[PDB]
Amino acid sequence: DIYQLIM
Amino acid sequence: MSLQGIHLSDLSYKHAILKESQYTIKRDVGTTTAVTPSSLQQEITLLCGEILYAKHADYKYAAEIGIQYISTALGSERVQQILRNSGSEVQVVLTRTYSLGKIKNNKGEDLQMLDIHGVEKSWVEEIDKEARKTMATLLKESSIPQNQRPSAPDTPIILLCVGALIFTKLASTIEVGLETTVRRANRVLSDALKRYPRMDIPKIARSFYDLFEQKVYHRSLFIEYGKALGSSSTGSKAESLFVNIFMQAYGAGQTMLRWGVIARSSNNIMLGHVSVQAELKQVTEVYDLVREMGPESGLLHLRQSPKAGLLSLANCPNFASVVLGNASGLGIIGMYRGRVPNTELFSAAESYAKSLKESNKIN
Amino acid sequence: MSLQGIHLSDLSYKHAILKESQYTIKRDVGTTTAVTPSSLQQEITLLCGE
Amino acid sequence: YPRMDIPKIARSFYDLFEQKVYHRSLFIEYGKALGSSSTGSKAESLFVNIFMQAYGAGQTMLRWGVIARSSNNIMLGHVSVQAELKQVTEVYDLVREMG
Amino acid sequence: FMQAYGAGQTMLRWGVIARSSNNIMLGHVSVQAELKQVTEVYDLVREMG
RNA sequence: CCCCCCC
RNA sequence: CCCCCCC
RNA sequence: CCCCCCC
């Protein structure tokens, strides 16, 4: 789920 | 009968020779550089924050990302105009968003990564992945305000503040520049260091020094960014900090002129020495040249303009020695490496300056 | 012979550098904010009292 | 570049400056155009520094006369020197006229 | 709002007060050596308006 | 870096 | 004739 | 050649 972070 | 007609004015003539030219130099005809349009400003700011909150293996192109943010702030075509007016024929290549691939974002669309000419996609992808992994580890460990995220609006200004600290020491040496940048950024950028406790100042500063050395026109772009930031009506605390450091960079490469003004203001009696009196005419000519050039004279050595060197006081050994002596007497000289021609004048001026500073007087 | 030509005026030069710029900084390109038209003044004043 | 042969390159440049006098003018225009650029490299700043060091070439007597006046040499007050200072002032005025 | 005016620049106001207070320690040689740049800052204020 | 009081 | 040093 | 400190 690394690319689904809010950032 | 009188020695009044014996006068030369060579420095004014050399300046008139240099400035009054009808031919422009053409350099970097076949080179290219990258800019980022203002529309991608958000997408650069986020990336500008990704270099800060994670430990990265390599920091080759952090300075290029800072310059990209400068391009977004000014505008791509305005940056073309800046580079063209700097005397360079470098051709801009335009930053482009590209889909990473099958990877999906939280909004449901394809994950769009930035494409900057001269910066390989491997470095950008690695920075993105490392920053994401650091964020995931932090969220797993503890469960992150807004000002500790890469998307904070002031992260590009923090990167550019490290860049401005390295800019202040562009007339110095690379090791001294790095050391001063680290020492000053531990204090100047202390709040940002608390927000981002793992931004590696030495490598970002090294990247900025490398960029300023390879691409001289980026010095002009940086100066124009500082000028455009100082003319804005409002701004953030980070931007005020950037303009403060930028103005601290101003008279770089000409500290001897400032120390001469100080020595005059210190009323050093050794300025009355006959050796010093024999040379003060050319010193006044150098200061008159500064007045002629005007406000842009201070940026001569920062821009690395070839015209810099007319402002040099290196043909006034008596004046330079007395000025360095007065600087040493007040303790201002520090670790200045400027050579001392006459040791007797230096020692006498140092003794008088220590006498004046140690003593007190009322006028 | 006289120390009259030793003068710098750096602060005036820094101000001239900052003010005399032909490029404007662009910030907050993608952000939005809210305003209220004058017709709703009453309807804001009441809420301002609440 | 530890094997660039300075003497022969310098000899070639002296030969070029002697045979083709107009190349002196071209060199001077290059120096003028380099000194007017906004930015440049360390090599270009070095070139303009040497070029400006070449400036008053062939007229070191005028510079040494200015130095002697600034040195307050009392022998400038000699009657033989006083009898000729008018033409010296005329030469310096000619320098001011040429610019 | 007018009380908010000179915010962030109380040192300039206190310098004007110190001059109006006729502080003799302004005549100190250390202070005299720096008054030129102080006058330049006040001139900058006059320039900005 | 700057700023920092009171009304 | 002029020029001639050093940086 | 120039530059070189500190903030």
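So the sequence lines, in the order shown, correspond to chains X, Z, R, A and G. Using the authors' numbering, read the first sequence as starting at 10 and increasing by one per residue. Residue numbering for the second sequence is 1 to 143, 146 to 365, as defined by the authors' numbering. Using the authors' numbering, read the third sequence as starting at 1 and increasing by one per residue. Using the authors' numbering, read the fourth sequence as starting at 198 and increasing by one per residue. Using the authors' numbering, read the fifth sequence as starting at 248 and increasing by one per residue. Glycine included, each C-beta is placed from N, C-alpha and C at the ideal position.
Exercise for the section: Let me know the alpha helix (DSSP H) ranges lying completely inside the region 224 to 288 of chain Z, each 4 residues or longer, listed in chain order. Expected result: Unbroken alpha helix (DSSP H) runs of no fewer than 4 residues, entirely contained in the region 224 to 288 of chain Z, are found at 239 to 250, 257 to 267, 276 to 279, following chain order.
Practice task
Tell me whether residue 309 (chain Z) is buried or exposed, calling it buried when 16 or more other Cβ atoms sit within 10 Å of its Cβ.
Solution key: For the purposes of this step, residue 309 (chain Z) is identified with residue 307 of the second sequence, where counting begins at 1. That one is buried.
Practice task
Look at the alpha carbon of residue 153 (chain Z) and the alpha carbon of residue 118 (chain Z), and state the distance between them as a whole number of angstroms.
Solution key: On the second sequence, residue 153 (chain Z) is found 151 positions in, with the first residue counted as 1. On the second sequence, residue 118 (chain Z) is found 118 positions in, with the first residue counted as 1. A straight-line Cα-Cα distance of about 24 Å links residue 153 (chain Z) and residue 118 (chain Z).
Practice task
Drop a sphere of 10 angstroms on the beta-carbon of residue 199 (chain Z), count the other beta-carbons inside from all chains shown, and report buried for 16 or more, exposed for fewer.
Solution key: The residue given as residue 199 (chain Z) occupies position 197 in the second sequence. By the C-beta density criterion, residue 199 (chain Z) is exposed, having fewer than 16 other C-beta atoms within 10 angstroms.
Practice task
Check each residue of the region 278 to 293 of chain G: if its Cβ is closer than 8 Å to any Cβ of chain Z, include it; give the result in chain order.
Solution key: Flagged, chain order: 279, 280, 281, 283.
Handout entry: residue 264 (chain A) versus residue 172 (chain Z) - alpha carbon distance
Key = Position 67 of the fourth sequence, counting from 1, holds the residue named residue 264 (chain A). Position 170 of the second sequence, counting from 1, holds the residue named residue 172 (chain Z). Between residue 264 (chain A) and residue 172 (chain Z), the C-alpha separation is close to 36 Å.
Exercise for the section: Could you tell me the boundaries of the alpha helix (DSSP H) in which residue 83 (chain Z) lies? Expected result: Residue mapping note: residue 83 (chain Z) aligns to position 83 of the second sequence, counting from 1. That run of the alpha helix (DSSP H) goes 76 to 85.
Problem - Exposure of residue 220 (chain Z), with buried meaning 16 or more beta-carbon neighbours within 10 Å - result: As a position in the second sequence, residue 220 (chain Z) is number 218, starting the count at 1. Looking at its Cβ environment, which holds 16 or more other Cβ atoms inside 10 Å, residue 220 (chain Z) is buried.
Problem - Residue span of the beta strand (DSSP E) that contains residue 98 (chain Z), given as start and end - result: For the purposes of this step, residue 98 (chain Z) is taken as the residue at position 98 of the second sequence. Secondary structure note for residue 98 (chain Z): its beta strand (DSSP E) is the uninterrupted segment 96 to 104.
Problem - Contacts that residue 253 (chain A) makes with chain Z (C-beta to C-beta distance below 7 Å) - result: By one-based count along the fourth sequence, residue 253 (chain A) stands at place 56. Residues of chain Z passing the Cβ test: 10.
Practice task
Identify whether residue 190 (chain Z) lies in helix, strand or coil by the three-state DSSP scheme.
Solution key: Residue 190 (chain Z) sits at position 188 when you count from the first residue of the second sequence. Residue state, collapsed to three classes: coil.
Problem - Partner residues on chain Z for residue 21 (chain R), Cβ-Cβ distance less than 8 Å - result: Residue 21 (chain R) sits at position 21 when you count from the first residue of the third sequence. In chain order, 226, 229, 230, 232, 233 make up the part of chain Z whose C-beta sits under 8 Å from the C-beta of residue 21 (chain R).
Problem - Environment of residue 214 (chain A) [buried if 16+ CB atoms lie within 10 Å] - result: Here residue 214 (chain A) refers to the residue found at position 17 of the fourth sequence. When all chains shown are included, residue 214 (chain A) counts as exposed.
Handout entry: Short CB-CB distance (under 8 Å) between residue 88 (chain Z) and chain R
Key = Counting from one through the second sequence, the residue named residue 88 (chain Z) turns up at place 88. No Cβ of chain R is located within less than 8 Å of the beta carbon of residue 88 (chain Z).
Practice task
Quick one: list the residues of chain Z neighbouring residue 274 (chain G), beta-carbon separation under 7 Å, in chain order.
Solution key: By 1-based counting over the fifth sequence, the position of residue 274 (chain G) is 27. Per Cβ cutoff of 7 Å: 364, 365.
Practice task
Mind the definition here: the region 322 to 335 of chain Z touches the region 292 to 309 of chain Z only if three or more C-beta pairs lie below 8 Å; say whether that holds.
Solution key: Contact between the region 322 to 335 of chain Z and the region 292 to 309 of chain Z is absent, because fewer than three Cβ pairs lie under 8 Å.
Exercise for the section: Please check if any C-beta of chain A sits within less than 8 Å of the C-beta of residue 75 (chain Z). Expected result: Residue 75 (chain Z) sits at position 75 when you count from the first residue of the second sequence. Not one chain A Cβ lies under 8 Å of residue 75 (chain Z).
Practice task
Note down the Cα distance separating residue 289 (chain G) from residue 338 (chain Z), rounded to an integer number of angstroms.
Solution key: Here the question's residue 289 (chain G) lines up with position 42 in the fifth sequence. Here the question's residue 338 (chain Z) lines up with position 336 in the second sequence. Taking the CA atoms as reference points, residue 289 (chain G) sits about 31 Å from residue 338 (chain Z).
Problem - Residues that residue 299 (chain Z) bridges to, as DSSP identifies them - result: Position 297 of the second sequence, counted from the first residue, corresponds to residue 299 (chain Z). According to DSSP, residue 299 (chain Z) bridges with nothing at all.
Exercise for the section: Select from Z:250, Z:64, Z:322, Z:358 the residue whose C-alpha is nearest the C-alpha of residue 344 (chain Z). Expected result: Reading the second sequence from its first residue, position 342 is the one you call residue 344 (chain Z). Nearest option by C-alpha distance: Z:322.
Practice task
Indicate whether at least one CB of chain R lies closer than 8 Å to the CB of residue 30 (chain Z).
Solution key: If you number the second sequence from 1, residue 30 (chain Z) lands on position 30. At a cut-off of 8 Å between beta carbons, residue 30 (chain Z) makes no contact with chain R.
Problem - Nearest to residue 16 (chain R) (by Cα), restricted to the options Z:65, Z:350, Z:298, Z:359 - result: Counted from its first residue, the third sequence places residue 16 (chain R) at position 16. Closest by alpha carbon: Z:298.
Exercise for the section: Give a yes or no on whether the C-beta atoms belonging to residue 166 (chain Z) and residue 247 (chain Z) are separated by under 8 Å. Expected result: Your numbering for residue 166 (chain Z) matches position 164 in the second sequence. Your numbering for residue 247 (chain Z) matches position 245 in the second sequence. Yes, the Cβ-Cβ distance between residue 166 (chain Z) and residue 247 (chain Z) is below 8 Å.
Problem - Exposure label - residue 324 (chain Z); buried when at least 16 CB within 10 Å - result: Counting from one through the second sequence, the residue named residue 324 (chain Z) turns up at place 322. Around the beta carbon of residue 324 (chain Z), a 10 Å sphere encloses 16 or more other beta carbons of the protein chains shown; the residue is thus reported as buried.
Practice task
Determine the DSSP secondary structure at residue 364 (chain Z), reduced to helix, strand or coil.
Solution key: Here the question's residue 364 (chain Z) lines up with position 362 in the second sequence. DSSP places residue 364 (chain Z) in strand when its eight states are reduced to three.
Problem - For residue 139 (chain Z), the three-state DSSP class (helix, strand or coil) - result: Here residue 139 (chain Z) corresponds to residue number 139 of the second sequence, with the count starting at 1. In this structure, residue 139 (chain Z) counts as helix in the three-state DSSP scheme.
Problem - Beta-carbon neighbours of residue 324 (chain G), restricted to chain Z and to distances below 9 Å - result: In the structure displayed, chain G extends from 248 to 296; residue 324 (chain G) sits before or after that span and is not available.
Exercise for the section: Please report the Cβ distance between residue 259 (chain Z) and residue 315 (chain Z), rounded to the nearest whole angstrom; I am assuming they are in contact, meaning their Cβ atoms lie under 8 Å. Expected result: To locate residue 259 (chain Z), count along the second sequence from 1; it is residue 257. To locate residue 315 (chain Z), count along the second sequence from 1; it is residue 313. Between residue 259 (chain Z) and residue 315 (chain Z), the beta carbon gap of about 7 Å places them in contact (Cβ cut-off 8 Å).
Problem - CB contact check: residue 263 (chain A) to chain Z, cutoff 8 Å - result: For the purposes of this step, residue 263 (chain A) is identified with residue 66 of the fourth sequence, where counting begins at 1. Yes, residue 263 (chain A) lies at the interface with chain Z (some Cβ there is under 8 Å from its Cβ).
Problem - Buried or exposed by the 16-neighbour rule on C-beta atoms within 10 Å, applied to residue 269 (chain A) - result: Here residue 269 (chain A) is taken as the residue at index 72 of the fourth sequence, counted from 1. With fewer than 16 other Cβ atoms within 10 Å, it is exposed.
Handout entry: residue 153 (chain Z) at chain X interface by Cβ criterion, 8 Å
Key = The residue you call residue 153 (chain Z) lines up with position 151 of the second sequence. Closer than 8 Å to some Cβ of chain X, the Cβ of residue 153 (chain Z) qualifies, so yes.
Handout entry: Range of the contiguous beta strand (DSSP E) that encloses residue 35 (chain Z)
Key = Taking the second sequence and counting its residues from 1, the one referred to as residue 35 (chain Z) is at position 35. Secondary structure note for residue 35 (chain Z): its beta strand (DSSP E) is the uninterrupted segment 32 to 35.
Handout entry: Buried or exposed (CB count within 10 angstroms, at least 16 for buried), residue 275 (chain A)
Key = For the purposes of this step, residue 275 (chain A) is taken as residue 78 along the fourth sequence, with counting starting at 1. Counting Cβ neighbours within 10 Å, residue 275 (chain A) comes out exposed, since fewer than 16 surround it.
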